Asker: 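Dropping the structure in here first, questions after.
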Amino acid sequence: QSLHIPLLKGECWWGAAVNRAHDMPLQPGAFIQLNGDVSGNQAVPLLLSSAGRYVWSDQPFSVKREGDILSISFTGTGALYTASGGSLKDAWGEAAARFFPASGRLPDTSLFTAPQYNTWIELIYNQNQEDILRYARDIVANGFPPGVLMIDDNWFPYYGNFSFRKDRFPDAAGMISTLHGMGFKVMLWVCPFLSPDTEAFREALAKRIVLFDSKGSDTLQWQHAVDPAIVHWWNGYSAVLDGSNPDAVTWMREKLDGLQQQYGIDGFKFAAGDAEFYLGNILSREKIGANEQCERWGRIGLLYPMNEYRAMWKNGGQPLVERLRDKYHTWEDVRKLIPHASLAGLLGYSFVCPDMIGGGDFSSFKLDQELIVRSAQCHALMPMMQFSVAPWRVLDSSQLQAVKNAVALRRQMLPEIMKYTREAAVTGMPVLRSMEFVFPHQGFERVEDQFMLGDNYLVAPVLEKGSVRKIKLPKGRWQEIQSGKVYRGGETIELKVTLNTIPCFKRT
Amino acid sequence: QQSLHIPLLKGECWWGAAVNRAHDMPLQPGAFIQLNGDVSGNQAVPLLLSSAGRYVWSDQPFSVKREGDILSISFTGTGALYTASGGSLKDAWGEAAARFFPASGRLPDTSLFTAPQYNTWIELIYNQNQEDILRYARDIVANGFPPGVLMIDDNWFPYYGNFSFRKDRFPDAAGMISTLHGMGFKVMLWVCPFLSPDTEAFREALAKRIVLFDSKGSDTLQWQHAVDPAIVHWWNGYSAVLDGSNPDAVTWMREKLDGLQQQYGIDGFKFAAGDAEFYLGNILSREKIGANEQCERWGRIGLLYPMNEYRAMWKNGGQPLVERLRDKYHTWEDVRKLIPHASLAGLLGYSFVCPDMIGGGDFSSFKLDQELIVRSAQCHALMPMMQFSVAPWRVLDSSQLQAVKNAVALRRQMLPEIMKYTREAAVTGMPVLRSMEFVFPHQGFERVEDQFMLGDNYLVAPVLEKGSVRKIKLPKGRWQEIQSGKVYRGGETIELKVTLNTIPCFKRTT
Ligand SMILES: OC[C@H]1O[C@@H](O)[C@H](O)[C@@H](O)[C@H]1O
Ligand SMILES: OC[C@H]1O[C@@H](O)[C@H](O)[C@@H](O)[C@H]1O
Ligand SMILES: [Cl-]
Ligand SMILES: [Cl-]
C-alpha cells in the first residue's frame, strides 16, 4: 500500500528516526527505510509537518521525497492526517493523543535530579570494583554532584550470565553499599545476547526462549526448530532472546530481579535490541517482525523505572529514558544533540538524554578540550546530563571550571526542568522543544542550534569555535539570565562569548 | 583419486583406520570407513594391517571398503601396499611402525600409569567446584583407594578460551591444588581450542588472527584478507576455534597453559575436542592444511606437556601422548569394546591407551548396573592405564566395592610388569596391550576380542558377560592361573567357574 503526498508551500517534514534528524527537514532525494532498521537509535512510524499535517502507521514504512512529493510505502496500512490548528505542535499533539498517549508515569527521578555518570569511556572493557569506586570517589572529590552511576559493558563473566565477575569484583554487594552511601544510585548494562557455548546458552536453548534458525525454510515452524539463531553484533557472535516469547520475559525478569535482590541494583541500561539484529533466517514464537522485537525489548523497561535505551521501536509516551546514540568526539556530532533531542521529543520520547559528554564512541578514545566544554554546556539544560570521560583527567583547570559552571547552571535551572519533566509524564509534551514547536511560522523551521526549555527559556549553546555567537530571538522581550540584559525580540543578535558562556534567555 | 584394489589372501583378516570402529573388524564384506574429515569420535591413522603381514599406508587420509574379498582404498594423496616377509600381524605392525610412525623414545608422565586415574566428570559433571573436588579427593583416600592423577574436567573456567579458575566456584584454586598435592595427587585440567565467540578472549584471538576464518564459500578469498571467524557447532554449543596451522595459535596456547602451571601448579592437561569434523566447511587456515591435519596439530601440543591425554587424534603414532578411548555408554556392549579398541589403538601407534572411564564416560547415562561397573573396573585393571570417574563407594554395595578394590590391588601387584612393557613401548613402539593374534599368529585367534596379552607372558580374560562360566581360548603352551596356581595345557578352550571377584589371568610357563 502506497501514498503520495505533495508538500504544501513552504512545508517542512520531520520524523521516522531520531538518528536522521540532522538530515531534516526532509530534502529532495531524501530516503528513510524503517522496515528492519531503527538507524542505530529510536524510530517511530510517524511523520510531522510544519503545517500541522502528520502521517502514521502502526507498522514500518519507507519514505522518499522526490521533488516536492513524499512517496510512502507501508508494510501495513497508513494515512495522512491534518490538525486544524496548522502548526507542528498541533500535529504532535493530535498524533500523540491518537497513537502514543502519555502513560502518566515518569522514569526514576534520580535520573533527572543530578547528572548521570557512565563508566564506559573511562574504564571501557576493564570494569572492576577498585576502578569504579575510584571514579565515584573522584566525582565527589572534584565537587561534582553524586547521581546515577552506570556500570557499562563487561561487569559480568560472559553474555547471559547476570552476576558480577568475582575476579574483578571481590565484594560487589559491598561496592554497591559504598556507592549508595556516597549518594549514587547504580545501574548495570544488560543485553539480550547469550554467549552461545555456555551454561546460560544451553539453559535458554532448553527452555526454548531463544530465537531459532529457520534454515531458510519456507515451512519450518518455531515449535519444531532445534538450532538457535546466531547473530553478529559489535562484540561478536551470540544467541539472542526471542522477545515475542513470554518465557523470555520471565527469564529476563528472574535475572534482573535477582541482581536487585542480591546486590541492591537500582536499575538497568538496556543495550542492543536493534531491529537489524532480528533480520534473516529467524523463527520467533509469535511470528513478529524485526521492529517489534526491538519494541518488546523496550517494554522490559516498563518494569524497571530506572532504565535507559538506545535502540527503540515505538513506545512513545512511555516512562523509558531514551539516550541518543554513541556520539563521536567531533564538532559535527555535538551539533546533532539539539535536533536529535528535539525530534525524539516529537516522536514521543520526552525523557531524552544526549549520549555522553565529550563523546560516547570508545574507539575515538588528541582530545579537544573546548569541544568537551561545549558538549557539557549543551547537555546542561537538556532533560538529562550524562558524563563518562572524566573531566578532571582530560581538562585543564579553567576548562574544568567551565564544566563545573555548567553543572551549577543545571542546578539553578532544575526546578524548571522538573516542572516540565513531570508535566511530560502527564501530557507527553516535550521538555526540550524545537524553536518551531514553540514559535510556529516565525522563521524557525531550520534553527537547530537553539531550543526551548519548556515555554519560557531559550537556550543557545555555543557550538563552534569563535568569540561570536548569533541568536535568533522570536518576537517578545528576552532577558539573558546571567547578564540580565533585556533584548527586543524579532531579530538576530550577536553575543561576545567565552569558554564559559552558556547563552540562555527568559521570556518576559 | 588414486586407489588400490586388493584381493584378500586365504584366511586373511584386516584391521586399521579408526580406533572407535575396532568392534566391526576384522573388516567384513560391505565395510566402509571414510577417514577424510572423520576420526570417528576418537583416534584415526591412515594405516591398514593384515594377519598375513600385509599393510597399507598413506601420509594422507583415505576411504576403505571391502566388497566381497576385495579391499579397496581410495587416497586423497598417494598410498601403497607392502608385505612384511615374516607373514604375521606383528610383522606388518613392526615394519609399518618403523617406516611410518617410529617410536619417539619418550614416555608420558609416569604418574599416569603408576596409580589409577580419577576424573571428576561423571561425579560432578558441569558443577566443577573447589569444595566438591576436594571432597571427592578426600573420599578416594578415606575409602582406601590410592592417590593418583586427578583430572578436573569441563567447566572449571568462566567460558571457553578463558584459562582461569572461575572465582565463584573456586575461591582459592592455588590452595586447592596445594592441598591435592599434599594428599599425593597430581592435577590435570580439561582444555580445548574453542572460544566463546562474543568474549574478550575471542576478540583478542580475532585481533591476533589466530582463529580459523570463514571463507564465505568463496574459492578466491585468501586467509590474509578474511575478516570473520569460522563458527563451529559442537556438543557444548557454537564457538570460534583456534587455527592449529597458525604458529601464533601455538604461542597463544603455550602462554595459556604455561600460565596455569606457573600460577596454580597444574601438572598437566586433558586436551579435549580437536576432531577433524570440526574443521570442515567454509574455513580458511593460515597454512592451507586439511581437517585431519588440524586434529593432528592439536595433538602435537601435548608433546610439550608430558602429562596429557587426548580422545581425538589423527596420526601421531609413536608419540608420548596418552590416547583415551572415547566416552563409553553404561552398557555391556560398550564394556566389550574396551579390549578390541585398545588393541587396535596399539597397532596404530598408540601404546599409551587408557580405556575411558570405569562404568561409563557418557554423562547422559547418569538402574546403574553394579555388576557392569565391577567388570568395567576389572577390565581396566591390567590395561596400560586405569581410570575412574563415577564414585565406586557411592554407587556400589559392599561386596561390589570390595571387588573393585581387589581389582586395584591386582593392578598394584602387576604394576612392575605393566611398567616394564610401558617403558619398552616408548623405545620400540611395541604395544603394552597386545591382541591374541599379535602374540599368537595363525592359531585361530583372529576374532578373539575378549582376551588380551599384557606383554608376552600374561593372558588376561576379563569377565565381560553375566553368568558363572567364562570360556578361555589358550594358545599352545602351558598357562598358570596366577591366583590358583593351576597349570592348564593350551591348544584348547577351557571353561572357568567365576564369581564377581574373578579376574582370569594366566602366566605363560611354556
Ligand atoms: O550501536 C552501539 C554500538 O555502537 C558502536 O559504534 C560502538 O563502537 C559500540 O561500543 C556500541 O555502543
Ligand atoms: O565426542 C565427545 C563428546 O561425546 C559425547 O557423547 C558426550 O556427551 C560429550 O560429553 C563429549 O565427551
Ligand atoms: Cl553491530
Ligand atoms: Cl559434537
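A, B, ... follow the sequence lines: proteins, then strands. Residue 1 opens every chain. The figures here come from the full heavy-atom set of this structure, side chains too, leaving out hydrogens, waters and symmetry mates.
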Asker: Is the number of heavy atoms from other residues, nucleotides or ligands under 6.0 Å of A:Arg253 CZ greater than 12?
Answerer: no
Asker: I need the full list of salt bridge (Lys or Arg N to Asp or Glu O under 4.0 Å) pairs touching residues 257-266 of chain A, with sequence neighbours left out, sorted by first then second residue.
Answerer: none
Asker: Where on B:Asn155 is there a heavy atom nearer than 4.5 Å to chain A: the side chain, the backbone, both, or neither?
Answerer: side chain
Asker: Tell me if the OH atom of A:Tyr263 is crowded by more than 12 foreign heavy atoms within 6.0 Å.
Answerer: yes
Asker: Counting heavy atoms not belonging to B:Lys256, are there more than 12 under 6.0 Å from its NZ?
Answerer: yes
Asker: If you measure from CZ on A:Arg165 to CZ on B:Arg166, what distance do you get to the nearest 0.5 Å?
Answerer: 12.5 Å
Asker: Would you say that more than 12 heavy atoms from the other residues, nucleotides or ligands in this model lie under 6.0 Å from the CZ of A:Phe365, or not?
Answerer: yes
Asker: With a 4.5 Å heavy-atom cut-off (strictly below), which parts of residues 218-252 of chain B touch chain A? List them by number.
Answerer: B:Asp228, B:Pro229, B:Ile231, B:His233, B:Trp234, B:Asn236, B:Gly237, B:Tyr238, B:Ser239
Asker: Using a heavy-atom cutoff of under 4.5 Å, enumerate the residues of residues 196-215 of chain B that contact chain A, numbered in order, or state 'none'.
Answerer: B:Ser196, B:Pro197, B:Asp198, B:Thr199, B:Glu200, B:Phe202, B:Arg203
Asker: Heavy-atom pairs under 4.5 Å with chain B: which of A:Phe164, A:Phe193, A:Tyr158 has the most?
Answerer: A:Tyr158
Asker: Can you check whether anything in residues 269-283 of chain B gets within less than 4.5 Å of chain A, heavy-atom wise, and list it by number?
Answerer: none
